[PDB]
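These notes concern the structure reproduced below.
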Amino acid sequence: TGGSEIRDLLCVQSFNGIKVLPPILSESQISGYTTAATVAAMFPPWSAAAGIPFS
Amino acid sequence: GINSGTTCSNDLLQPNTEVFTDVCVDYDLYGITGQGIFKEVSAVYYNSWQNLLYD
């Protein structure tokens, strides 16, 4: 938006027209979902481990 | 030497227009004038007869 790094290919792609849209889901909530699934597999009730302890 | 020779009048539209620019106004110098904000910077790597550079 102004300043330095005159070699800035990503925004001159956007200035020429092509825009990489962000995905509609953030990676923070996706990583939190995967963490929730993993701790579901590791803790009671083991929904991701069919109700069975990990060991 | 009417319409020949070397000594030619510059009384057409002279494009040497030394206008300071720090807003989105196209230039009047080497190359075709595309969109540009002018970030005035100090550099030393120009030498000889090197006004313009490409990527």
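Cα centroid separation, segment A:1-44 to segment B:28-55: 34 Å.
Taking the inverse of the mean reciprocal distance over all distinct Cα pairs, the Kirkwood hydrodynamic radius of chain B comes to 14.8 Å. Modelled label positions at residue A:25 and residue A:1, each set 7 Å beyond Cα in the direction of Cβ, lie 2.9 nm from each other.
Taking each residue as 0.36 nm, the span from residue B:35 to residue B:21 lengthens on full extension beyond its C-alpha to C-alpha distance by 3.8 nm.
With kT/(6 pi eta Rh) evaluated at 37 °C and eta = 0.692 mPa s, and Rh the Kirkwood radius from Cα pairs, the protein assembly as shown diffuses with a coefficient of 154 µm²/s according to Stokes-Einstein.
Once the Kirkwood radius over Cα pairs is known for chain A, the Stokes-Einstein relation at 25 °C and 0.890 mPa s delivers a diffusion coefficient of 164 µm²/s.
Computed on chain A, with alpha-carbon pairs under 8 angstrom and 6+ residues apart, the relative contact order is 15 percent. Apply 1/(1 + (r/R0)^6) to the Cβ-Cβ distance of residue B:55 and residue B:2, taking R0 = 41 Å, and write down the FRET efficiency to the nearest 0.05. Efficiency computed from Cβ-Cβ geometry: 0.35.
Computed from the coordinates by the stated procedures, all read-outs in this text should not be read as laboratory data. Here the Cβ is made from the backbone with ideal geometry for all residues, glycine too, and neighbour counts use every protein chain on show.
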